[PDB]
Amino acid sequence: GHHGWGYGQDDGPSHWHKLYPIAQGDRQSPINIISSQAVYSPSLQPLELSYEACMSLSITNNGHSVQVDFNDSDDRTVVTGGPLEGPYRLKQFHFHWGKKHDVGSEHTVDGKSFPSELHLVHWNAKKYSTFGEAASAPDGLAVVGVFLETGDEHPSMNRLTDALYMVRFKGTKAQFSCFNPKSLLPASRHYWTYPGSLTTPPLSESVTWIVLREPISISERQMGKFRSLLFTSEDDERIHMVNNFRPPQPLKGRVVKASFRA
């Protein structure tokens, strides 16, 4: 659903459970990843992100985040391997960030947050006929999370942040052709994985999370651009889009697997 949920004081994460009871379920996301507790799992096949150069459609400010959607009408742009059984098509990717440098990411590692976190959302189109249907099944979705830390300016990120002024207001969009999501990935394919859920309503527990170990780097300037976005529409009082993240949720005995040893 998408109703009276947001990130404000009255409709924020702490209130979601009222309209979305699944909010206090057995496998909610995000979580705090205690690295020493992750289970090295060598049996898992290599994680592969096979993305196309021009499958991107538009970039949109939907009031919760800035999102880039893709054509999923076919099987070209998918994630596979790792804990996944079969390919999952990329539907869209978006970000979560904070008002300050020490907050922003949804998942945290050993209690530490990153200024932002990228989410590439995929669904099992092979066995379910619609994202809505896949979203209701425990094995219907796969979300790849990528942490962002501030450092060197990120090349492909320039085009994305440059387009943020145009979509500064809620409900606005622009064409965003030929953006290869592969450009927002780190060199390493090491990851952590665990059964979880969507981090925004409906909070469906149908997500196989794959959180990459190595973060990508963007500049503070680029980060500042995300913070210039607004939760509000054109003729409404301005409220900047920041702290659009859900805090860590109870692990509840779940096992986090790792594709590497540390």
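Each residue number is its position in the shown sequence, starting from 1.
*Asks:* Using the B-factors recorded in the PDB entry, average over the C-alpha atoms of 151-159 and of 104-112, then report which stretch comes out higher.
*Replies:* Averaged over C-alpha atoms, the B-factors run higher in 151-159.
*Asks:* Taking the mean of the C-alpha B-factors per stretch from the entry, tell me the winner out of 123-131 and 91-99.
*Replies:* Mean B over CA atoms: larger for 123-131.
*Asks:* Using the temperature factors in the entry, find which of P46, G224, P202, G63 has the highest value at its Cα atom.
*Replies:* Within the set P46, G224, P202, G63, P46 shows the top C-alpha B-factor.
*Asks:* So among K173, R76, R168, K182, who wins on Cα B-factor in the entry?
*Replies:* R76 has the highest C-alpha B-factor of those listed.
*Asks:* When the modelled residues of the chain are sorted by Cα temperature factor, does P186 land in the lowest, middle or highest third?
*Replies:* Middle third, going by the recorded CA B-factors of the chain.
*Asks:* Using only modelled residues of the chain, where does the Cα B factor of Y40 rank: lowest third, middle third or highest third?
*Replies:* For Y40, the deposited C-alpha B-factor lands in the middle third.
*Asks:* Divide the modelled residues of the chain into thirds by Cα B-factor and specify which third, lowest, middle or highest, holds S197.
*Replies:* Within its chain, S197 is a lowest-third residue by C-alpha B-factor, going by the deposited values.
*Asks:* Please rank the C-alpha B-factors of the chain's modelled residues and tell me whether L84 sits in the lowest, middle or highest third.
*Replies:* Tercile = highest for this residue's CA B-factor.
*Asks:* For the chain shown, is the CA B-factor of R238 in the lowest, middle or highest third of its modelled residues?
*Replies:* CA B-factor rank for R238: highest third.
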